[PDB]
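Comments concern the structure below.
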Amino acid sequence: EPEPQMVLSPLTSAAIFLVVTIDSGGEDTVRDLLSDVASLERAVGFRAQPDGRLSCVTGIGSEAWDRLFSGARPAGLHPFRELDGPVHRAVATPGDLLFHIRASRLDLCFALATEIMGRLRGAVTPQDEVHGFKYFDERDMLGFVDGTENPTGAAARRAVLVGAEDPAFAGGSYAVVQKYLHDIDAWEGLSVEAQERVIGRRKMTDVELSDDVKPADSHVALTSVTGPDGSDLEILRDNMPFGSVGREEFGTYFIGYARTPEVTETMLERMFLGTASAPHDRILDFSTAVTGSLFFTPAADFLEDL
Amino acid sequence: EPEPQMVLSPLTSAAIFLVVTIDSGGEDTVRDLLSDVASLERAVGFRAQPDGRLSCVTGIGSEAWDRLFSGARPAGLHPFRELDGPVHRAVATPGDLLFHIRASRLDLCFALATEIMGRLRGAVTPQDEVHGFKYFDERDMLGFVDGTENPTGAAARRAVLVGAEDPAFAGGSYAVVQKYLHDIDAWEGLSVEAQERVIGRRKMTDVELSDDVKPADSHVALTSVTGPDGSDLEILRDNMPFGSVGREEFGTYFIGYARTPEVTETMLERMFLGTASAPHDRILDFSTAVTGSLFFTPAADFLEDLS
Amino acid sequence: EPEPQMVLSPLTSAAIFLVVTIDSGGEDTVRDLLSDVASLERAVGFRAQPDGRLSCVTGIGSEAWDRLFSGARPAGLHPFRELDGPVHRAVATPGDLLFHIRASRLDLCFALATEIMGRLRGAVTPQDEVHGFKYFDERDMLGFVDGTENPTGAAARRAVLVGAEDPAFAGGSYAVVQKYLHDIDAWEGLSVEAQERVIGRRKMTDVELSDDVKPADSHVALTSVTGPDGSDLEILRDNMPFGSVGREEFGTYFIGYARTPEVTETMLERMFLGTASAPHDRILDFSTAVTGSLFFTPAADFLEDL
Amino acid sequence: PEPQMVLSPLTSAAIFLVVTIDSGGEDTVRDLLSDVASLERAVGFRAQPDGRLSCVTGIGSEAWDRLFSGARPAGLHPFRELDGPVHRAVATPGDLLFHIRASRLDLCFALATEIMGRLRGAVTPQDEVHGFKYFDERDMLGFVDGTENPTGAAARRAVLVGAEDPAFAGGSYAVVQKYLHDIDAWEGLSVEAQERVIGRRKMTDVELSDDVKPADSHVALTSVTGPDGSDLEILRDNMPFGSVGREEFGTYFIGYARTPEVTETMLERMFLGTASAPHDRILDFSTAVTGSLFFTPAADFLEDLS
Amino acid sequence: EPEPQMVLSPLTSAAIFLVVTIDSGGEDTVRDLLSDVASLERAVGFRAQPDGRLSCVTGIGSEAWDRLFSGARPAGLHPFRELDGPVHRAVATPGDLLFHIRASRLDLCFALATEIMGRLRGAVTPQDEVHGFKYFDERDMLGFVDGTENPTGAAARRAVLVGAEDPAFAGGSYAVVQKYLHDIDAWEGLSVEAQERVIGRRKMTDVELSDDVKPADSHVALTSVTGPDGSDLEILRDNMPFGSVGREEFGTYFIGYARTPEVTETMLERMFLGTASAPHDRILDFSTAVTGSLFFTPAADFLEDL
Amino acid sequence: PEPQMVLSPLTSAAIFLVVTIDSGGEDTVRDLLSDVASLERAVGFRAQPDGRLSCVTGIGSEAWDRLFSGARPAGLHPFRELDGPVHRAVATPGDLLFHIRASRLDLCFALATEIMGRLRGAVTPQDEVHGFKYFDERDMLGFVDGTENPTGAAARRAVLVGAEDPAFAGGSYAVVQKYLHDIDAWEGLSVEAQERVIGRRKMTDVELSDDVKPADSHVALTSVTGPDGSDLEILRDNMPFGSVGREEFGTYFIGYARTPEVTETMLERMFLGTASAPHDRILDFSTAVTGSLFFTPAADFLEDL
Ligand code: HEM
Ligand code: HEM
Ligand code: HEM
Ligand code: HEM
């Protein structure tokens, strides 16, 4: 019975996202970091029992995997597929390792990040670093409650964790990350009612719009995906707001976990390429992806056997 | 199937450790209590839900077991084995009943302890009583984070709970207790770096030392045990600080839980007797054990059925 | 595999109890809501993660069930049985739908209640609405700690959830509600020791009286029932104080969950009708039931599949 | 002299209790008034330091002459009924006001119990409201309520009677109105329209610019400059309350001021209007069902009733 | 006007009381500590801003004062007066320095006590050390809420702080300490109503007994003292429960602050010697004093200039 | 004379915002200044219980003359650059300071959004820092930071402008410096060596005895007795900030005082040193990147625009 990383953990009030690439000859340094990552996690985490809720999820990219490990590959691991839509593009950017660090306070996140990057100095190049913060009652930079429909319990376990379809990597998951910057000026130009028709939910109360009123080009409509089975295909999102007031940056840092990248990729295609009913997701008219990467987050015990 | 006691429950900010012996003719009263202990826990505990976190783990010693129950004995149940090392000594002291009381508040611990002792008045003799308190960011009296490498989840479950190896006592655990008093004067005479080498971890940050910087006689080295399997042998520790400023008492109350005492004893033998590589555990140069007892903590439904 | 409602979750500091009857023609509106109740819960509840502890348990009465659905019914689903004792009486009052709404904050309960009633407006008539609040250290309005002997963990699941004895409704539960009013004047006429003999537990410390001192007509003695096989018959209770000072109204809202109504009813019967050694439960000399209803709380998946 | 907790901040729970003194009740009421502070401590000390239990006792105009023989507060008179063209501010009976606040309802209820237990047979209850915090300090209209309350020294100058009436220094005047809202009508308005009624942004609580702020907006009409140029200010401890089944969604208004003239001017502008505005637009969705004026003496006035 | 020590500070959930005698020739070491004690307080305390609430009050005994300082003495400073009543006795025990350490956490108290004693090592002998803890809803070991009638605000200031009557020591206070052990067995043999007549207040509710039911030999009767002008003489109490279950020690650590010892001593005389109306205080029938010391707690700036 | 929230304690989160006023932006700025308190209330009241939202507004010396006519605060001047032998205290541009504090970063960010939203196209951002509490009130050097801050009346007397400048009573002077730390170098030192640099014990925060404390320790050099004989004090609201990837581990220094002379004397002893000390030893591990001086007026001053 394999132990997964904290991919099922709930959202926290603080987060750090680290994306790095592995320099020439950096493999060895990276390998024995990976073996110590859980150790470093407890070293910092235990200081803030019991309300700390510190966790680190480590992801490894497609290219990076081959450099680090001989043997089998996760069945679904590949580079993030750039999507060049008629209007909006989902860019792909470099990234070998992901560190998704969460806690109830930023100090814990920062302390852990410091230890991780301290061990990696001279072996990696930083691509992206984001300090996410909770924004009021679980809102995003668009002013909407964000994460409502995340699966819970058994439903989440079956949606997120690799199982018998790839037995060797069971307990693992696939993370997709995209850094989105928002055009607040354009968004603020819309009425609340217009904004609601973009998302597919009521702004203040977070109640889902009726099927009668919900536009087919609304975010909720596009990202509702039914399989050939007839079952709802779900991902687990741990999105965090970030930004800088002076540089006029108001951002959503998207991260989605699923047992297969196909699920996430299908949703991305519907958003960026569109469907029969919608040219594209209307949220992208106010959101611009600036990064895009895909990582496999292995079971905890896989990392510990290095 | 069987329901364990709160032996897996996490560390709290307040604790009471109570160790008593059973007087001759006190058996009836003791059994009578043991069957009511869980209901006493609820009586006090329910008042302070949801953030009370009151729990009581009840342990029974080897000698006490024979006096108390006729029937099968837990396989690993034996009295604490005293260790006479060349320098340091792990003493064995009397103790028939263990009450490990934890809560987020001392009052809850005190109230429960009062109800238990009220019932045991003329049947038990108190041997030890410690009031434990959280010290800053989970520090011990030596100034180091304490409990870091405790197992969690399924790993904790395998390491602590008696399973199929002893079916009639499935859900049980073994608790070894030792009250240590520290020589703070000698300790604060060392530099931080020297203190780190004694422990095997950085002081401020709690980051484990590199394997080729970590001495063979450091606490972490000697308490790192690998079995014939190749797997790590783990115990679950609920150490609490305690002490009196006026009496120059600065202490660590040691309590380790494991599915078999053989694990704790191996670690204990390595600390006191040493290995090929190490004479003894350097931590013992600033720590004196003044008590030493071993208890079996039965599954909850074992206590309840005593009736 | 069937997912239950939050019937096993603990006491919270705030609760709203809502009982309604379905107006003629309201059936369709009611069915549509039942399928969205879980969705409304998440919508409101997610805003207050993770300290919110918002839950809703929906129950359906015997007569309501026959109006809403066709096919098989839960084995034990019947209207509340009136108990006409020599002295005290347990009355049966109308109620088709129970909404048991709990949270750590009243605002959360009220918001959810608003959303539910908003969608039921003109289809249902309200029968009872009670806003419960925690009173000191889990005390009821009689000044005694209330809920101590509730089952926990496995025993709770055993006592509360329908299993193999009614396989088509596994994961369901039966909820009996009764609104009690206390005569505080009469109660305060008693000494503490006398009140203790009524309940069967110490007032301040909540320690149970020993078997020699505990009277046969005490509340604890009468509600202690062993089955034919010697096993204890248990229910899960989520009682909440309520009241109005100006009206001199001091109440306990009784709600008890059990896998079969036979367990709860045996307790009612012993209370109101008495035993061989007790004419009735002494607590009833200071407590008057002004409502009485029985509901079946289906498994969650039952509701969403409407 | 020592004032009552009239400057004390808003809490998450409140009980408002308004009663009339029955004939022959004067002596029982006088006894209570002397003990009210000690009852407040008896209950309150149990929940230090996060209890924040306080009780402000107010006395009506008619009640004052019945109770006291000496001088009267200069500003004390019965609430003036305002009969405007469209909207009416009713004057309703009320001799004593108990404004009870704490961080938890149980504390409020406990104190109210003790107070009414002593007043039974001497007083008749007129009104009882149990108020609760609603999200981020919102009212039932969904707007942040209390923003412009004076703080620090400004509050002291606005609320506390001073040298203008030296024998009652440390006192204050409290106006209470119970408002019920028409939530159906209100939710028929767009957010932008609702903002026009109130005079501030809904979600962000930012005041509308002076160029866009309607003259009949709530904020416009309750902004009153004195003949000296500076703004008249009152301290508002409004609480939401209600009952879902009965479609009762309410704001319990209570305003403190060093003279009623301030509060009455403000009320006149709302009900009667200015040259540029017929009446307050908030009143198109809000109906006042009670109206009472009370003087809240300095604490030492109450206890020196020995 | 000088800075007082935290003698007006509220009750906390944790406390360490530390009483020592100064060894022969240990005066210089003591003087050095006294001048650094505020630094030590801030050194430890700042780590737990802002919920730590760490404070230290330093008291100096009568005999110790002469050994430490030359010149003026506080007017009311003398050794504790032993009271040998007919039945009960208040013993005088040695004490030169008192450290009254409070915080919301024991760890902060222990840390500070460590630093203090670390400096005093070899210059003092410890006489008494007690670790106090909050017991439920501000209760003592007798099960009664303890500290209800403590003065607050300007009343506390007037009752506690030395003023113009001794201007050289303005801002100082006098502390009386007594360690009491309770006979819980005997006390738990009384009915609640008997216990109430001993204390003079209701047990659960903490409401004071009316003046026609309250016995003359009750605690509240004998400790209620009216002064020349007819107003109550008051002290500030920071009582903390303590004890050891094994040794059957259930204790109250009594500490009372007053601007003059004469107030506390009057109360003690009434309690121990009795009046014409009362043989002695009934609380003494269940409580034995084992220590008894009197200290002057000088203004903070007195300690600093040393 | 109602002052700004300058006597207010440390919070878990902070945003420091320094801007320059673009040419012809005077009017827009003056208008914001009159509304800043109402914007603070608008956001702050939402979390009324325990939000602890505050905003202190500061105005630079050159900015003052562009905005207001008449009386100038006596001690208001541009930040004096100090070019020492080894270390340099740089002066950088800054017209407006917004010192925003709350118990939550969201509150800070929202207020900053509203402030900056109103100032768009009238100001140029110079610096933005998101500060966060680090464990038990520690800085990036691992030391408890702010211990010897004055409290109560001592704080009020040390920080608030009084009779010496009656036109601006209830004001204060704020000095800001963004420091970056050489963590590699710092963590090479032993704890004992670190303690000699600071002048206090690392873990316990206990001050070293006067006989073991080096003359070039931070604590020794910043301890200044005035010509009057009493200790000179400032109120520090230092916050850690940083970025792990960039290798940025910083202390945002902000100190409030009745007169800038007090703060400047300390700076002088740190960068230039004394007879017995070359410079503050903390500076061998700390580089100042910004340096600005602002006057923070009384609250009522801002309202009467
Ligand atoms: C003198 C009293 C003791 C003190 C102050 C002490 C303190 C510590 C500290 C600071 C650590 C490192 C942090 C952690 O992982 O918890 C540690 C680790 C540990 N201690 Fe102790 N300890 C004491 C006695 C014991 C005893 C008697 C045992 C059992 C025989 C024990 C077993 C362990 C184990 C198993 C670890 C984890 C080692 C690892 O896997 O890294 N300790 N202890
Ligand atoms: C008048 C309203 C009622 C009040 C105020 C009340 C109060 C209490 C109290 C104080 C206790 C002891 C503490 C505990 O909860 O374990 C108790 C126990 C209990 N009550 Fe009630 N009760 C009421 C009505 C009922 C009803 C109607 C039932 C069943 C239909 C019931 C079933 C129980 C059960 C099963 C126990 C646990 C007995 C045990 O095993 O010790 N109660 N109740
Ligand atoms: C119908 C019930 C009422 C509701 C729901 C209500 C709601 C509000 C709201 C949302 C605000 C703006 C935010 C704030 O500053 O608090 C406000 C402001 C205010 N209200 Fe009301 N209000 C009501 C009745 C009254 C009454 C009866 C008075 C006095 C007679 C009053 C006096 C004020 C004042 C003075 C302000 C602040 C004006 C300023 O910006 O300077 N309100 N109220
Ligand atoms: C044996 C240890 C003691 C216990 C358990 C105890 C307990 C109590 C209790 C329960 C109260 C009523 C609630 C309150 O206002 O605090 C009280 C009141 C009081 N006690 Fe004590 N007390 C003790 C010793 C003393 C001593 C030695 C003194 C005086 C030297 C004292 C002075 C007072 C005073 C002045 C009051 C307030 C009476 C009033 O004005 O209503 N107590 N105490």
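Chain naming here is simple, since letters A, B, ... match the order of the sequence lines and numbering starts at 1 in each. Heavy atoms only: backbone and side chains are in, while hydrogens, waters and symmetry mates are out.
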Checklist line | Sub-4.5 Å side-chain heavy-atom contact between B:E193 and F:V191 | finding: yes
Notebook entry, point to check: Just wondering, do B:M204 and F:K202 contact through their side chains at under 4.5 Å, heavy atoms?
Noted result: yes
Margin query: Looking at B:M6, I want to see if its CE is surrounded by more than 12 non-hydrogen atoms of other residues, nucleotides or ligands under 6.0 Å.
Written below: no
Checklist line | F:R156 CZ: over 12 foreign heavy atoms closer than 6.0 Å | finding: no
Check: At a heavy-atom separation under 4.5 Å, does B:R202 approach chain F through its side chain, its backbone, both, or neither?
Finding: neither
